[PDB]
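Chains as they are written, first to last, in the authors' numbering: chain D, 401 to 537, 661 to 800; chain A, 399 to 544, 661 to 794; chain C, 665 to 796.
Just so it is clear, CB atoms sit at the ideal spot from N, CA and C, and this is done for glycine as well.
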Amino acid sequence: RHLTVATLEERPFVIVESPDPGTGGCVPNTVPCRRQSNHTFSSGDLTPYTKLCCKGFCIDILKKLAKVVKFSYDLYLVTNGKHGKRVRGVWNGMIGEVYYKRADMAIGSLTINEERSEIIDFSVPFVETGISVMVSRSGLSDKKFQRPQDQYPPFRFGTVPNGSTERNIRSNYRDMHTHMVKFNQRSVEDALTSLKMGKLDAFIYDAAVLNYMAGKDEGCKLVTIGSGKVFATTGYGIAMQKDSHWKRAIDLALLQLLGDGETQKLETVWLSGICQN
Amino acid sequence: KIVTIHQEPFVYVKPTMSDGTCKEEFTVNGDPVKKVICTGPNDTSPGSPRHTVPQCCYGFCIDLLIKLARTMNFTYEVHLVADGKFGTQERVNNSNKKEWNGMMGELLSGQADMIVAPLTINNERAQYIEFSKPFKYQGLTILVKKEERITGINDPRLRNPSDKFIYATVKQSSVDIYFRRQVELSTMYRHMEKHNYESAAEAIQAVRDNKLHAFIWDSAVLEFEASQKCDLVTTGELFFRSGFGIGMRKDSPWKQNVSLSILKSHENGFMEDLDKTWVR
Amino acid sequence: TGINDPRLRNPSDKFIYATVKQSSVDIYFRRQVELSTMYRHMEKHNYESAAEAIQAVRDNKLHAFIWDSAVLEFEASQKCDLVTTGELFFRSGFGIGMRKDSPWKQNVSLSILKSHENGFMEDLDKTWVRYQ
Ligand SMILES: *[C@@H]1O[C@H](CO)[C@@H](O[C@@H]2O[C@H](CO)[C@@H](O[C@H]3O[C@H](CO)[C@@H](O)[C@H](O)[C@@H]3O)[C@H](O)[C@H]2NC(C)=O)[C@H](O)[C@H]1NC(C)=O
Ligand SMILES: *[C@@H]1O[C@H](CO)[C@@H](O)[C@H](O)[C@H]1NC(C)=O
């Protein structure tokens, strides 16, 4: 009844914080979490792991899963790679920690693709999302995307590399992928600030995170197309080790709770925005 | 074995000609629509003489099943569901155990081995039918004609039912299961058992005839008919978002194959091309 | 938009909002664990009295001030330079509270109830809060 859970920081779903110094721990709604510390990175036993408080949407849903299926869990943040990629045929991140079994399950901004699926068993997706483009204030058939390196002043747009979106683009748009590798970005908010003055024209990434951006945006900059026009409809789901027994239980519990409608309230309290409409 | 229900946004069913073949009907792009011969009763069984007349059938679900069949290289047989209803466990008359009907029952009996339809995933089905990953995303909404814009699932006029406002859903359907689970909504469920319809066509016409006031159903279906039929509008947000996922029998090996197939179809957007072929 | 605005549903640094520390609404926000984040904002801007926060809002130092209804609509009807918003989401009562042991509990209860059926506080409202 205990599992290994690991994630990294993706703002609206993952929030890391230092524990309250005046209390030692912190307020409720948060769970203890720690650095990814291996045998070499154990950093001694005087401070075996720096306690941190991790709270968020995924934290709440995993809390409900634990309280339903009656299982415990230990949480540690991930350092080696963001989430996972077949780097030289070797996976990293949560994908590496699960496939090579330093981890039991995974939760977070885990986009489900085909490759991850044959690599890692997934659950039913608890939320829907996919590809979207956001620009300061038109479709994957537009010359702005079809051949942005042929006419006009070169159109300056990009994304973050080593991601599922990058995998799909490289697998469908290798010429445009070669164009985009010129425009890679350190972080989502980094490119956001870049386009706030106009370093890059538009950003291509998850629809959900851009919804969270624009919903709280003070400038109210909207995505390339109303309603996002989400391409390659996918979601976020629980990642299980290959043919793990937990699959049936977690799927049944997750779908039952999704039908109960409280997930609507959790998304209302977590990812809602101000000027989204 | 292919089983389904005639659903205009996803399943088009027409009578074959006297010669027993499908019409050479081509798309606006000039390519013919890929149509098969699905057998089954000529009209609904109570009103029908129970003649299992084969009829031409084609559409979105048909297109995707053809694609995935070409991917897995297997033949098939197409035949719609006998009762015309989705189905659920029910302590039927003179019985004790809650028993499925519809295509779930037809599969558990073995009449069909896998379902191809815009079926909704619910936990109740999850215990008995293996759902793969969703192939489409959709939601639940309300439809009216053409002034008291209905307040989604938050209007008291729904919460305290009135004889001036008549509304219902389809029996033995996913929305029935949903309204049955939320006991707080039970009163509207009590309204349901008054006027529940049996198929989309009659309910749509009755709303167009104002026999009904508002109909709760899939987002995709309502937006499709609105973009094609007009004169009627959906209202309120998608109070319950979910997926249409291709379901199939428990523990049969093909689940992983079809799952990765629909994943790679989402990778190249082939399903998006299907939608553009079917939703303009 | 009352209480259900993501401006307040999601705590925002650009927007300032607070109350009086060591007050009932402090306990309200403390028990509402899901609202603890806004309680985190409370820790930065909590005032000590009403008048200085009122001046700050009139000086626009404070964007919004949450507090009890009666006093607030009284101030709104008197000064008219500030506007109230949000419904009385927390129904409550102003009552004479005192020690459990003393016998005046029931006596004072019945006396104030007799005044209520007599509309004595209605006359008091006409005297102090109404006609403004
Ligand atoms: C897809 O369905 C398949 C059949 O139900 C099955 O994967 C299949 O597994 C066989 C067995 O390895 C593969 O056959 C290859 O390997 C054998 C043994 O080495 C050879 O004798 C064959 O000639 C062939 O080279 C199939 O190729 C494989 N099918 C696929 C599509 O990869 C799984 O149920 C599903 N697997 C996948 C990957 O979708
Ligand atoms: C055709 O189908 C058979 C059986 O389903 C399979 O063994 C064979 O590999 C398929 N051929 C192709 C080209 O897919």
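| said: Using 8 Å as the threshold, is the C-beta distance between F729(A) and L517(A) below it? | reply: In terms of Cβ geometry, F729(A) and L517(A) do not form a close pair [threshold 8 Å].
| task | Using the Cα positions of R671(C) and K485(D), report the straight-line distance between them to the nearest angstrom. | result | If you take the alpha carbons of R671(C) and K485(D), they lie about 38 Å apart.
| Is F472(A) near ligand 2, with its Cβ less than 7 Å from a heavy atom? | For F472(A), the CB falls within less than 7 Å of some heavy atom of ligand 2.
| query | Whole alpha helix (DSSP H) runs in the region 489-519 of chain D with 4 or more residues, listed along the chain? | reply | Listed in chain order, the complete alpha helix (DSSP H) runs (minimum 4 residues) inside the region 489-519 of chain D are 493-499, 514-519.
| Can you tell me the Cα-Cα spacing of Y681(A) and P767(A), whole angstroms? | Annotation: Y681(A) to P767(A) spans about 42 Å, alpha carbon to alpha carbon.
| said: Considering Cα atoms alone, identify which of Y456(A), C455(A), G438(A) is closest to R448(A). | reply: In terms of CA proximity to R448(A), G438(A) leads the group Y456(A), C455(A), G438(A).
| said: How far does the beta strand (DSSP E) with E528(D) in it extend, from its first residue to its last? | reply: Boundaries of the beta strand (DSSP E) around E528(D): 521-535.
| said: Assess contact between the region 456-474 of chain A and the region 766-781 of chain A, defined as three or more Cβ pairs (one per stretch) separated by less than 8 Å. Is contact present? | reply: Taking a contact to require three or more Cβ pairs closer than 8 Å, the region 456-474 of chain A and the region 766-781 of chain A qualify as touching.
| query | At least one CB of chain D closer than 8 Å to the CB of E698(C): is that the case? | reply | At least one chain D Cβ lies under 8 Å of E698(C).
| Alpha-carbon spacing of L478(A) relative to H404(A), whole angstroms | When only Cα atoms are considered, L478(A) and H404(A) end up about 7 Å apart.
| field | ligand 3 heavy atom lying under 7 Å from the CB of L777(A) | value | Ligand 3 is not part of the structure shown, which contains ligand 1 and ligand 2 as its ligands.
| Meets three-Cβ-pair contact criterion under 8 Å: the region 682-699 of chain D and the region 775-782 of chain D | The count of Cβ pairs closer than 8 Å, one atom from the region 682-699 of chain D and one from the region 775-782 of chain D, stays below three, leaving the stretches out of contact.
| said: Any heavy atom of ligand 1 closer than 7 Å to the beta-carbon of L466(A)? | reply: No; taking the cut-off as 7 Å, the Cβ of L466(A) has no heavy atom of ligand 1 nearer than that.
| said: Taking CB distances under 8 Å as the criterion, tell me whether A755(D) reaches chain A. | reply: Using beta-carbon distances, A755(D) counts as an interface residue toward chain A, with a partner under 8 Å.
| request: Whole angstroms is fine: what's the gap from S773(C)'s alpha carbon to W731(C)'s? | output: Approximately 26 Å, taken between the alpha carbons.
| request: May I have the straight-line CA-CA distance separating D787(A) from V746(D), to the nearest angstrom? | output: If you draw a straight line from the Cα of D787(A) to the Cα of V746(D), it comes to about 22 Å.
| Just how far apart, CA to CA, sit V490(D) and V533(D)? | Inter-residue distance for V490(D) and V533(D) is about 30 Å (C-alpha atoms, whole angstroms).
| query | Can at least three beta-carbon pairs, one atom from the region 491-509 of chain D and one from the region 753-767 of chain D, be found at a separation below 8 Å? | reply | Contact between the region 491-509 of chain D and the region 753-767 of chain D is present, because at least three Cβ pairs lie under 8 Å.
| query | Does any heavy atom of ligand 1 sit closer than 7 Å to the C-beta of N771(A)? | reply | Under cutoff, so the answer is yes.
| request: Would you mind working out which of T791(D), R488(D), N707(D), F680(D) sits nearest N734(D), comparing C-alpha positions? | output: For the residues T791(D), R488(D), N707(D), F680(D), the minimum Cα distance to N734(D) belongs to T791(D).
| request: Could you check what DSSP says for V409(A) in three-state terms: helix, strand or coil? | output: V409(A) falls in the coil class under three-state DSSP.
| task | Determine the closest residue to residue 626(D) out of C798(D), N800(D), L794(D), with distance taken between C-alpha atoms. | result | Residues lacking coordinates in chain D include everything strictly between 537 and 661, among them residue 626(D).
| field | Beta-carbon gap between residue 625(A) and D481(A) smaller than 8 Å | value | Within the gap of chain A, which runs from 544 to 661, lies residue 625(A), and it has no coordinates in the structure.
| message | Would you say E514(D) lies against chain A (beta-carbon separation less than 8 Å)? | response | Yes, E514(D) counts as interfacial toward chain A.
| Can you find a C-beta in chain A that's less than 8 Å from the C-beta of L789(D)? | No, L789(D) does not count as interfacial toward chain A.
| message | Does chain A have any CB closer than 8 Å to the CB of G782(D)? | response | Closer than 8 Å: yes.
| task | Look at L746(A) and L538(A) and say whether their C-beta atoms are less than 8 Å apart. | result | Contact: no.
| the region 418-432 of chain D: positions lying closer than 9 Å to chain C by Cβ | Listed by position, the residues of the region 418-432 of chain D near chain C (Cβ gap below 9 Å) are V427, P428, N429.
| query | Is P532(A) near ligand 1, going by C-beta to nearest heavy atom under 7 Å? | reply | For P532(A), the shortest C-beta to heavy atom distance toward ligand 1 is 7 Å or greater.
| said: Helix, strand or coil, according to DSSP, for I680(A) in the structure here? | reply: DSSP places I680(A) in coil when its eight states are reduced to three.
| Proximal residues of chain A, C-beta to C-beta of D774(D) below 8 Å | At a C-beta separation below 8 Å, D774(D) has these neighbours in chain A: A524.
| query | Can you list, in chain order, the residues of the region 671-694 of chain D whose Cβ is nearer than 8 Å to any Cβ on chain A? | reply | For the region 671-694 of chain D, which is checked against every Cβ of chain A, the residues closer than 8 Å are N691, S694.
| request: Return the first residue and the last residue of the beta strand (DSSP E) that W731(A) is part of. | output: Note, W731(A): beta strand (DSSP E), 728-732.
| said: At a threshold of 7 Å, does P767(A) count as lining ligand 1 (C-beta to nearest heavy atom)? | reply: Yes, the Cβ of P767(A) comes within 7 Å of a heavy atom of ligand 1.
| field | Contact with chain A by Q779(D), beta-carbon distance below 8 Å | value | At least one C-beta of chain A is nearer than 8 Å to the C-beta of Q779(D).
| Using a beta-carbon distance cut-off of less than 9 Å, what residues from the region 751-767 of chain A approach chain D? | Flagged, chain order: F753, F754, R755, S756, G757, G759.
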